[PDB]
Amino acid sequence: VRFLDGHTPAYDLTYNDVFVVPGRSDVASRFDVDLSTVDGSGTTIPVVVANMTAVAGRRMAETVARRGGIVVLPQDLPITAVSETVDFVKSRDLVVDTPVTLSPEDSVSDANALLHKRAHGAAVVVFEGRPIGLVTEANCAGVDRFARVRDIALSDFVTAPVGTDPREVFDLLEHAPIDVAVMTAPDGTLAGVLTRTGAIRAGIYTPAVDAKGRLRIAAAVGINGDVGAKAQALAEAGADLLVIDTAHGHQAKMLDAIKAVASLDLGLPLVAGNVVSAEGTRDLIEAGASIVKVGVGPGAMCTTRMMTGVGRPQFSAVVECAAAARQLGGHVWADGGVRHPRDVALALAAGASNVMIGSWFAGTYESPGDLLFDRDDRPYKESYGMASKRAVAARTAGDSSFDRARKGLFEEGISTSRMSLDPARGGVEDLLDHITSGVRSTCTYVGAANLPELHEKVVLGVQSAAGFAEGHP
Amino acid sequence: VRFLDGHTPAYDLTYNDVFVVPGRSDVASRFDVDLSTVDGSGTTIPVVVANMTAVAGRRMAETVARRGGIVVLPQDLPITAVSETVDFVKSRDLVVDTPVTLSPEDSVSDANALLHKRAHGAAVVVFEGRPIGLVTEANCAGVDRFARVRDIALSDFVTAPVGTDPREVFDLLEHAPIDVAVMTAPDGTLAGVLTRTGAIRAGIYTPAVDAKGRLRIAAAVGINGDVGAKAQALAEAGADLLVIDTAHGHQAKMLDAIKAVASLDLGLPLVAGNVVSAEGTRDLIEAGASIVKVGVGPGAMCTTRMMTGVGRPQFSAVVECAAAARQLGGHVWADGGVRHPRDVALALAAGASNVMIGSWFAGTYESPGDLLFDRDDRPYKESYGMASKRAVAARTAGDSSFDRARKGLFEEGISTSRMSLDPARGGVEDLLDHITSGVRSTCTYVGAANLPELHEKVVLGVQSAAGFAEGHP
Amino acid sequence: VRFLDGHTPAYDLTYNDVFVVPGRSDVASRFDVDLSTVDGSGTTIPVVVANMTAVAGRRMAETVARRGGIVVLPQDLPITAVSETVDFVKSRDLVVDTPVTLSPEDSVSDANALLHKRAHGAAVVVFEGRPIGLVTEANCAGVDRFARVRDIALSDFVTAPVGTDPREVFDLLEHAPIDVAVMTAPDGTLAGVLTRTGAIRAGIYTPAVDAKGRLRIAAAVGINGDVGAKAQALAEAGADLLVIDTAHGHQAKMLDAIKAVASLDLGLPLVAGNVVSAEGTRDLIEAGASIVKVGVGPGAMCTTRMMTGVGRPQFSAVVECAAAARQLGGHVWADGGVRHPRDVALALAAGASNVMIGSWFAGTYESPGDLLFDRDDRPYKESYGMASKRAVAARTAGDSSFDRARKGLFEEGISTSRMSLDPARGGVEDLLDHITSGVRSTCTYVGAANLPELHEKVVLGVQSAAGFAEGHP
Amino acid sequence: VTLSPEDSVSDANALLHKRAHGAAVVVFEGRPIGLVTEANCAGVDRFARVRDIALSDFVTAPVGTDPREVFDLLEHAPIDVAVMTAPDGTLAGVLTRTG
Ligand SMILES: NC(=O)c1ccc[n+]([C@@H]2O[C@H](COP(=O)([O-])OP(=O)(O)OC[C@H]3O[C@@H](n4cnc5c(N)ncnc54)[C@H](OP(=O)(O)O)[C@@H]3O)[C@@H](O)[C@H]2O)c1
Ligand SMILES: NC(=O)c1ccc[n+]([C@@H]2O[C@H](COP(=O)([O-])OP(=O)(O)OC[C@H]3O[C@@H](n4cnc5c(N)ncnc54)[C@H](OP(=O)(O)O)[C@@H]3O)[C@@H](O)[C@H]2O)c1
Ligand SMILES: *c1nc2c(ncn2[C@@H]2O[C@H](COP(=O)(O)O)[C@@H](O)[C@H]2O)c(=O)[nH]1
Ligand SMILES: *c1nc2c(ncn2[C@@H]2O[C@H](COP(=O)(O)O)[C@@H](O)[C@H]2O)c(=O)[nH]1
Ligand SMILES: *c1nc2c(ncn2[C@@H]2O[C@H](COP(=O)(O)O)[C@@H](O)[C@H]2O)c(=O)[nH]1
Ligand SMILES: O=c1[nH]cnc2c1ncn2[C@@H]1O[C@H](COP(=O)(O)O)[C@@H](O)[C@H]1O
Ligand SMILES: O=c1[nH]cnc2c1ncn2[C@@H]1O[C@H](COP(=O)(O)O)[C@@H](O)[C@H]1O
Ligand SMILES: O=c1[nH]cnc2c1ncn2[C@@H]1O[C@H](COP(=O)(O)O)[C@@H](O)[C@H]1O
Ligand SMILES: O=c1[nH]cnc2c1ncn2[C@@H]1O[C@H](COP(=O)(O)O)[C@@H](O)[C@H]1O
């Protein structure tokens, strides 16, 4: 990477410490930028969802992969639950989304709460697999909780066959009272739904798909136990990518874990982390990893810095690690600390091939957690670290009370945090729009038409805290 | 520019990061400083009003130009509205201001709200072009909103012929109940008003006028569409200066737009921006621009930094760009981030020939927005960026709903902001006093009698955030 | 001054940016340190009170000079009021203080208000010059405001002859209900008062006195008008030191004012400021000044930095100017920005001979302003700059309304500020105890027995914002 | 309320509320010379003298004047207080429009 003349600080840099200076550009439109990655992950946008139980569920996996990202299932997930989630994701349609479905015998109480598991603003009343009505939040307003869905469902709705041009579906819904088109199979059974915004995103995002045309999904594994047997079971379950994840990725047990998985020859991309040094990046690649996950400390749920003093400013860590992996034909994932789209753009400019986002996506409809409200009726969801006392409790529940007490000495993560939803744009696809629009604008500012050209052409500068304050938050 | 020995930091600088060291001075008075610019804009004070719809209206254009600045009309303005605004500004008197005028049949409701479109504190009642009374806010206190103006108008007021020396008018109003002198034409028709403060400003500020002696006004044009045909229509409408404006001014489309306007040979100063690099400055000047607008990110309504990471600390950007423009005989406008008079002074010390100010002037009586009040009865006006959802909607309202949806992906500006009016000095001329008094003191501190000597003689230093905190805000 | 190895930052330093590293010391006690100055001011502590109308009154001048400092009377004071203040100060006792005095005919309303003009907690009731009672705040609690002093005054009080050993007076008051000994002349007339703390301070602070044994006092003069005639009148009125003062001290009008005063050969130390550059220090000294006042911007009432961007971090300014002055046999006063005793200590370590303090001392009983209370009953007093709209209004009240309106364009100071009094230690002598105890501890940490050894032996270091945060606020 | 020119502003401000006139009369040798209102003491140092803030101009009339005429003399007066004087010029008291 190139920095402005004289910008050689005597310290390491975070995303807040740096800026991109624009260059000469011939890219006429921000829609001309190709956001596809080149690390073998198969993503068409540089966004990976972290293997955190508060974020990485089946609804998130379907929604993100349709728009070009990928979700890493957490390592604490049982293999049967993994197999059920993968089979659900890989049976999803590439354009039409899975709606909330309700039986006419369901209670209005259930209908009100289930509505927010998706961002469509409406649920489809189904009977024997066929749509018979719609339910919105307005239909549940004032009704007793224990009335049935059949008493409140709207009986008329827009229907269209699966395979219809999304541009046409956009025009069908211009003057419809509900911005939902119920997509049906030739026999009349429910195939899914498609909103006006969903139709727009169909011509903007390319789905991340496997060799069979099914949505991609990844899975994580720990370094304890039989790593090889666990990795092979995840591969046979249908995972398209494997993440061997641990806090201190530069230890001997991680090196042995990588070799055990690589020697099985699963034919899948192997991600291993986390490290923040050039030496650790080389050692993980030499062990058999093709992608190195970079980040020790920056996660919004992490207390590692305050507990140990161990960490590294994430921008400088990605710059050094991406350069070391580039020498060996490897790639780097920037993992942790993403708060605004500039953090995504700056990580990619630093040399990362993908960016892993965690806590930010917990505050969305699609995340696994229940939607909550504070005293001011502001919507929010919980997030927590995978090394907190809450996560360790659910992961080690099978141990004796003696071992659980001794292990309770260590906690390097928060057990609860409030992640607010934007009152208007509360879906993960709204955040993807936010992130990708910013990255696309970064590329045209530097004159790049794709992500390799971004890292090649970017010129960076160092600023003080006053520099970061320039502009509006 | 000269910096103190050893002040060569490994980062770029904002206005907050630097300070001016005083030098030996023989300038006896701060009124002896010449504030005229030498970039061909014609401004006698180094203030340009940004081409933002929330700031640049006809009341702003008249008021600022009389005091020596210039207003750039936004590019979203229809050519008919531009012609009507230019003809209004170029028919204004050089000393006597345009008051709020009222018909005696107007409602007290209308009279109360219209008062705050000027800073005179009084409106003139007019019948067939001739003044017959005055209305103040004290006259509207308690009266029914739908009583007529004639029921509360003050029948006696100070009058004087247009052309009277402003110093005499100052003396006529010393003991008058209302500090407004109604200036009249030989036939008795209204020519305008002149307050005590307005008479003082006539001896301090030189109006910015064209070759016919009429107040100057500028106009902005985008890089899309037929830039040549638009620029020529703006020239024939009477614009004294043309601004070709876009966020990423260092792209091929901007370079072609400059050449298309330059080859038309309109005989007007040609401004193009925005860039923050020396290379960008040279490319714009070589394409045909005489003035380069500098600034990517620092605007108070901008979110470009947080969306993309793209931007440059404005002080270092002005320093590098002004030196590159100077090499080619061109000039540089410092655009964005002005919060206090020190920002204007430091930008001129960095080598800029003019300073463009936007959001700061939205919180004045003369800006186009309506005057609003919060729950605490504090006066304020709205401000918003020209690339926000609000501005883009008005600029693309005639496109199809499909295209407006796709274009909705990008938003690099805030759509609403509260800019407070100083409860005492709420007029834009009060801010011009504040700004120019600071620049004049800077010039005497360094020993400069004019703006070229300011950039020539200034010595600068770098400070930490503790240095900026010294003093009171 | 010596800095630690490698501590050569690329920016200028404030008091917050630096620290002192202790060295080997044989100074057994902090009471062994000699705080006397060597600049010819005659002060025995390194404290000078600023020539600000909100701080520099006759009660302040008496109290500080008895403890070793000196007060500079403001330049706006008429020569008649100057002569009266000097004659009051030079007739004061060197040990015994001047109390608030009351007539028995005075109202309780006046007694409770007058009580806070001194820090004694008691006023002396006087009749024909002799004491007849005491009045405390508890004696006025609940009494009608227009009852007379004779109705509430305490009739018995401790009395002692003037010249008594303060050590004994400390013992006389050990068991007295009111901590004040009324000091009397041989004929029984009131000579003043002395408290337990006041007797302690007599053995700690050496009074600053002239050649005849009378308390010292200084006076300021501006650079406009007949500077030579104004300086001579101040010399004949009894001033012990002259201060030629202006914001921009490095201008031609100041250099002529110094030469005009030096040519009169008044035999007094001549102070001139303000500058922040070595070149300005040399020019003022060569013009005839023996002491250069350093500081442009750091004053708590100043807005110069925000209006103009002109200034310099005060520590670096003092280091440079003190070094240039010492080459020419001159001295430097550190003027502005003192908030804590460390600021005084660091200014002396930087090479200043004396430290000027302004607004900090406004929040004391002895300052000329009236004592005020907020809604929470917190004691405070007003402070304001000598270049604010309030100050220039009184200074130019005799000019025409036209000129005062034109000069209203410039305002480089705030016109009102709330300076809180410490509810326990509200006297200026308490702040003197606070400041000088800190400076004495600084000298023993460095190994210095006097102020010249402090500057000679001190080793300094540079810190970040985190370094300044170490310790308790 | 009567005030000497040597009285303090602090005393003058507090004494004004012993009557409903809203103004006090400054007196030197029994003669009315100035008026003190609450607006005169607003912002002034509490221990300045009354002689610094007194209004030297006030409506005056001899005692025994018809109240109806005194009422009309005060219609446009800034202070609604008329100073009534004895034949020798000394102060006889005051008379407001409502009085
Ligand atoms: N000075 C600044 O930092 C700044 C920042 C934002 C906005 N603005 C203000 O916004 C107004 C104009 O709106 P605009 O900036 O959107 O320009 P515009 O003139 O309305 O359109 C810009 C054109 O350039 C293309 N473009 C390519 N890369 C771009 C990029 N990185 N950012 C923006 N457009 C890009 C756009 O196509 P696509 O849209 O299809 O990509 C579009 O065709 C002006 O008043 C300008 O001052 C200024
Ligand atoms: N130490 C500081 O940083 C600082 C800052 C502000 C004020 N002050 C305080 O203000 C008081 C004196 O008021 P003053 O400084 O306005 O001086 P002053 O003695 O009242 O007047 C200064 C004279 O110098 C001229 N001048 C030229 N350049 C000037 C500049 N940059 N700033 C001010 N005057 C300039 C003024 O003419 P024009 O007015 O016509 O230009 C005027 O004739 C002192 O008590 C001083 O301590 C100090
Ligand atoms: C520290 N870090 C933790 C913990 N659980 C997960 N993580 C890391 O944070 C990343 C997410 O960062 P965000 O800022 O939330 O996007 C994860 O990918 C993982 O690397 C924990 O308990 N402590
Ligand atoms: C970013 N920048 C924007 C937008 N509209 C205008 N601008 C820029 O800001 C300047 C004004 O800055 P202030 O800090 O308000 O004085 C304008 O002149 C223009 O360059 C926007 O939506 N985003
Ligand atoms: C700026 N500086 C001003 C003004 N009046 C006085 N001063 C300066 O400040 C010093 C006092 O500083 P503190 O921090 O209050 O102790 C004075 O000695 C003088 O140099 C003013 O209006 N603006
Ligand atoms: O569309 C739906 N209809 C009915 N129940 C649902 C629907 N989506 C989720 N649920 C229920 O909510 C549980 C949790 O879903 P998750 O949050 O998507 O894992 C499921 O196991 C179901 O019981
Ligand atoms: O002096 C005035 N008298 C009456 N109406 C006015 C006056 N100034 C502005 N208006 C009204 O306010 C509208 C907006 O004015 P603007 O804010 O100056 O563009 C005008 O089109 C008029 O309808
Ligand atoms: O001891 C005192 N007794 C009575 N009045 C005092 C005393 N000290 C100050 N004053 C009054 O307060 C005014 C202002 O005093 P200063 O605040 O010390 O300048 C004086 O002019 C007196 O009117
Ligand atoms: O007009 C006045 N001038 C001066 N002092 C007054 C005046 N009226 C009352 N006082 C004072 O206030 C005290 C109490 O007055 P009373 O409340 O009327 O009894 C008197 O004894 C005087 O000291």
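Residues numbered from 1 in each chain as written, not as in the entry; some residues may be left out. Chains lettered and ligands numbered in written order. Part of a larger assembly, values for the part shown. Heavy atoms only, no water. Residues with missing side-chain atoms left out of burial classes, pairs and counts.

Per the PDB entry, chain D goes by GMP reductase and derives from Mycolicibacterium smegmatis.

Within the PDB entry, the label attached to chain A reads GMP reductase, and the organism entered is Mycolicibacterium smegmatis. According to the UniProt record, the Catalytic activity comment for chain A is "IMP + NH4(+) + NADP(+) = GMP + NADPH + 2 H(+)". Database annotation for chain A, UniProt heading Sequence similarities: "Belongs to the IMPDH/GMPR family. GuaB1 subfamily." (UniProt positions renumbered as here; feature names shortened; annotations may be inferred.)

(A) The overall build of chain D, seen in detail. Helix and strand counts for chain D stand at two helices and six strands. Along chain D, from the amino end to the carboxyl end, the secondary structure elements read β-α-β-β-β-α-β-β. Computed over C-alpha atoms, the radius of gyration of chain D comes to 13 Å, within 12% of the 13 Å expected from 2.2 N^0.38 for 99 residues, which places it in the range of a compact globule. Projected onto its principal axes, the C-alpha coordinates of chain D cover approximately 40 × 25 × 20 Å. If you take every contact in chain D between residues at least 6 apart in sequence, the share linking residues at least 24 apart comes to 43%. (Helix = DSSP H or I, 4+ residues; strand = E, 2+ residues; numbered from the N terminus. Rg over C-alpha atoms; globule rule 2.2 N^0.38 Å. Contact = heavy atoms within 4.5 Å.)

(B) Representation of the interface of chain B and chain A within the structure. With 45 residues of chain B at the interface, the matching set in chain A holds 49 residues. Taken together, the two surfaces of chain B and chain A that pack against each other cover about 3900 Å², and 60% of this comes from carbon and sulfur. A salt bridge links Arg30(A) to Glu412(B); the nearest nitrogen and oxygen atoms lie 3.3 Å apart. Put simply, the parts of the chain that give the side of chain B that touches chain A at least two residues each are α7 (252-262), α8 (278-287), α9 (304-308) and α13 (401-407) of chain B. In the side of chain B that touches chain A, the residues fall into 21 nonpolar, 15 polar and nine charged. (Buried area = accessible area lost by both parts, 1.4 Å probe. Salt bridge = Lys/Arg side-chain N within 4 Å of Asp/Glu carboxyl O. Nonpolar A, V, L, I, M, F, W, Y, C, P; charged D, E, K, R; others polar.)

(C) Representation of the sheet that holds strand β2 (residues 18-21) of chain C within the structure. All names here are of chain C. If you walk across this open sheet you meet the three strands as β1-β20-β2, and the pairing is mixed. Looking at the sheet topology across the chains shown, the edges are occupied by β1 (2-3) and β2. Where β2 lies against strand β20 (residues 459-462), four bridges are found, and the strand directions are antiparallel. Each bridged residue has a counterpart across the sheet, and for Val21 the counterpart in β20 is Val459. (Pairing = 2+ DSSP bridges.)

(D) Structural view of the arrangement of the chains. There is a clear gap between chain A and chain D: no contact, and 41 Å between their nearest C-alpha atoms. Taking C-alpha atoms as the reference, chain B and chain D come no closer than 15 Å and do not contact one another.

(E) Representation of the interface of chain B and chain C within the structure. Contacts between chain B and chain C engage 50 residues on the former and 43 residues on the latter. Buried surface at the junction of chain B and chain C, summed over both partners, amounts to about 4000 Å²; 60% is from carbon and sulfur atoms. Per-residue buried area on chain B facing chain C is highest for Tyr445(B), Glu470(B) and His472(B); these three make up 19% of the total on that side. A salt bridge links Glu470(B) to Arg305(C); its shortest N-O distance comes to 3.1 Å. Secondary-structure elements contributing two or more residues to the side of chain B that touches chain C are β2 (18-21), α4 (166-172), α5 (196-202), α11 (341-349), α14 (428-446) and α16 (465-469) of chain B.

(F) Spatial organisation of the relation of the copies chain B and chain C. Taken as rigid bodies, chain B and chain C are interconverted by a rotation of 90° and an axial shift of 0.1 Å, the fit giving an RMSD of 0.1 Å. Taken together, the rotation and translation describe the operation of a four-fold axis. (Least-squares fit on C-alpha atoms.)

(G) Seen up close, the relation of the copies chain B and chain A. Taken as rigid bodies, chain B and chain A are interconverted by a rotation of 90° and an axial shift of 0.1 Å, the fit giving an RMSD of 0.1 Å. When the interface residues of chain B are mapped onto chain A, a mere 2% of them again lie at the interface, so each copy presents a different face.

(H) Focus on the site of ligand 2. Neighbouring ligand 2 are 23 residues, the closest being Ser29(B), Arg30(B), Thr444(B), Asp245(C) and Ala247(C). Ligand 2 sits at a junction of chains, with neighbouring residues supplied by chains B and C. Between ligand 2 and the protein, one listed contact pairs an oxygen atom with a backbone N or O atom of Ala247(C) at 3.0 Å. Interatomic distance of 3.1 Å between a backbone N/O atom of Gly297(C) and an oxygen atom of ligand 2. (Near = heavy atom within 4 Å. Polar contact = N/O pair within 3.5 Å; in protein donor to acceptor, adjacent residues only side chain to side chain.)

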